Amino acid sequence: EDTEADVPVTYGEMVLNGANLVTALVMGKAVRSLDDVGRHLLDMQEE
Amino acid sequence: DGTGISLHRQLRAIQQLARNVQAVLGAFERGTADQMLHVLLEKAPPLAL
């Protein structure tokens, strides 16, 4: 028994905050973390 | 539900109730003119007679 105590965490949540509210409704698809993926896709082509 | 869509599905039923109620109140504004002609053609014999 290395110790008798451990370090867990709490829930991380995933809510339709911004653009995912439009894309779920105006479009169909609602790809997760589209606030970050859209930021990464708009950073690559302009160099 | 208080989520992002169930706030929105409230608004879609509001616009229908608004544009259902805008029509039928305007219908009596149109039904007034239709009430003209069906009592003015109770009177008004033709010009030939």
# chains A, B, ... in the order shown; residues from 1 in each chain; ligands from 1
>>> interface_residues(of="chain B", to="chain A", cutoff="12 Å", atoms="only C-alpha atoms", output="list in words")
residues 2, 3, 4, 5, 6, 7, 8 and 9 of chain B
>>> select_by_dssp(residues="chain B", states="alpha helix (DSSP H)", output="PyMOL selection string")
chain B and resi 8-40
>>> write_last_selection(atoms="C-alpha atoms", output="compact mmCIF listing (two decimals), in the first residue's frame")
# COMPACT_ATOMS: atom_id res chain seq x y z
CA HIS B 8 -34.68 29.33 -28.79
CA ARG B 9 -37.67 27.02 -29.30
CA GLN B 10 -39.58 29.43 -27.08
CA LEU B 11 -38.86 32.25 -29.52
CA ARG B 12 -40.09 30.33 -32.54
CA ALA B 13 -43.49 29.81 -30.91
CA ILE B 14 -43.59 33.51 -30.04
CA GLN B 15 -43.12 34.63 -33.64
CA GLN B 16 -45.91 32.34 -34.80
CA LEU B 17 -48.32 33.66 -32.17
CA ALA B 18 -47.27 37.16 -33.15
CA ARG B 19 -47.79 36.58 -36.87
CA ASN B 20 -50.92 34.57 -36.30
CA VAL B 21 -52.36 37.41 -34.22
CA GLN B 22 -51.25 40.06 -36.68
CA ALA B 23 -53.26 38.41 -39.43
CA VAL B 24 -56.61 37.87 -37.75
CA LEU B 25 -56.79 41.37 -36.31
CA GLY B 26 -56.04 42.59 -39.82
CA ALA B 27 -58.73 40.26 -41.12
CA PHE B 28 -61.49 42.39 -39.62
CA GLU B 29 -59.78 45.33 -41.29
CA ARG B 30 -60.32 43.30 -44.45
CA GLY B 31 -63.66 41.89 -43.37
CA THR B 32 -64.94 45.45 -43.04
CA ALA B 33 -64.51 46.00 -46.78
CA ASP B 34 -66.11 42.66 -47.56
CA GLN B 35 -69.07 43.66 -45.40
CA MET B 36 -69.51 46.73 -47.60
CA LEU B 37 -70.26 45.04 -50.84
CA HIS B 38 -72.66 42.37 -49.65
CA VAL B 39 -75.00 44.96 -48.19
CA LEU B 40 -74.40 47.55 -50.89
>>> atom_distance(atom1="CA of residue 37 (chain A)", atom2="CA of residue 19 (chain A)")
11.4 Å
>>> closest_residue(among="A:46, A:27, A:41, A:34", to="residue 14 (chain A)", atoms="only C-alpha atoms")
A:34
>>> decode(residues="region 11-36 of chain A", atoms="N, CA and C atoms", output="short mmCIF file (atom, residue, chain, number, x, y, z; two decimals), in the first residue's frame")
data_model
loop_
_atom_site.label_atom_id
_atom_site.label_comp_id
_atom_site.auth_asym_id
_atom_site.auth_seq_id
_atom_site.Cartn_x
_atom_site.Cartn_y
_atom_site.Cartn_z
N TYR A 11 -15.55 17.06 -12.41
CA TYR A 11 -16.05 17.04 -13.79
C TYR A 11 -15.60 18.24 -14.59
N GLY A 12 -15.15 17.99 -15.82
CA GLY A 12 -15.14 19.03 -16.82
C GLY A 12 -16.38 18.95 -17.68
N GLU A 13 -16.96 20.10 -17.99
CA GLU A 13 -18.26 20.16 -18.63
C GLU A 13 -18.09 20.63 -20.07
N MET A 14 -19.12 20.42 -20.87
CA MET A 14 -19.05 20.68 -22.30
C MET A 14 -20.40 21.19 -22.77
N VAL A 15 -20.51 22.51 -22.89
CA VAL A 15 -21.78 23.20 -23.08
C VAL A 15 -21.70 23.96 -24.40
N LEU A 16 -22.84 24.06 -25.08
CA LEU A 16 -22.95 24.83 -26.32
C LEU A 16 -22.85 26.30 -25.95
N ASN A 17 -21.63 26.81 -25.88
CA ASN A 17 -21.45 28.18 -25.42
C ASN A 17 -21.73 29.16 -26.54
N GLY A 18 -20.91 29.14 -27.58
CA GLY A 18 -20.96 30.17 -28.60
C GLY A 18 -21.45 29.69 -29.94
N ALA A 19 -20.50 29.41 -30.84
CA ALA A 19 -20.84 29.12 -32.23
C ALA A 19 -21.57 27.79 -32.36
N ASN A 20 -21.46 26.92 -31.36
CA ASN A 20 -22.11 25.63 -31.44
C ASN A 20 -23.62 25.74 -31.28
N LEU A 21 -24.11 26.84 -30.70
CA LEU A 21 -25.56 27.06 -30.65
C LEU A 21 -26.13 27.40 -32.02
N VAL A 22 -25.33 28.04 -32.87
CA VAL A 22 -25.81 28.35 -34.21
C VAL A 22 -25.72 27.12 -35.09
N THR A 23 -24.59 26.40 -35.01
CA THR A 23 -24.34 25.30 -35.92
C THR A 23 -25.20 24.09 -35.60
N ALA A 24 -25.64 23.95 -34.35
CA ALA A 24 -26.57 22.88 -34.04
C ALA A 24 -27.95 23.20 -34.57
N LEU A 25 -28.27 24.49 -34.67
CA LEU A 25 -29.62 24.89 -35.03
C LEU A 25 -29.72 25.28 -36.50
N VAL A 26 -28.89 26.23 -36.94
CA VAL A 26 -28.93 26.67 -38.33
C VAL A 26 -28.44 25.56 -39.25
N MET A 27 -27.33 24.93 -38.90
CA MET A 27 -26.91 23.72 -39.58
C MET A 27 -27.37 22.53 -38.76
N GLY A 28 -26.86 21.35 -39.11
CA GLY A 28 -27.07 20.20 -38.26
C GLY A 28 -25.91 19.96 -37.32
N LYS A 29 -24.69 19.93 -37.85
CA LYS A 29 -23.55 19.37 -37.14
C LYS A 29 -23.03 20.34 -36.09
N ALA A 30 -22.50 19.78 -35.00
CA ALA A 30 -22.09 20.58 -33.85
C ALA A 30 -20.76 20.10 -33.30
N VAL A 31 -19.72 20.08 -34.15
CA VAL A 31 -18.41 19.53 -33.82
C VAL A 31 -17.79 20.20 -32.61
N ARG A 32 -17.39 19.38 -31.63
CA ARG A 32 -16.90 19.78 -30.31
C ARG A 32 -15.69 20.70 -30.35
N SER A 33 -15.68 21.69 -29.43
CA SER A 33 -14.61 22.68 -29.28
C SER A 33 -14.36 23.44 -30.58
N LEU A 34 -15.46 23.86 -31.21
CA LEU A 34 -15.36 24.53 -32.50
C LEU A 34 -14.88 25.96 -32.32
N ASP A 35 -14.86 26.44 -31.08
CA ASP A 35 -14.22 27.72 -30.77
C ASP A 35 -12.70 27.62 -30.91
N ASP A 36 -12.15 26.43 -30.65
CA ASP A 36 -10.70 26.28 -30.71
C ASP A 36 -10.25 25.73 -32.05
#
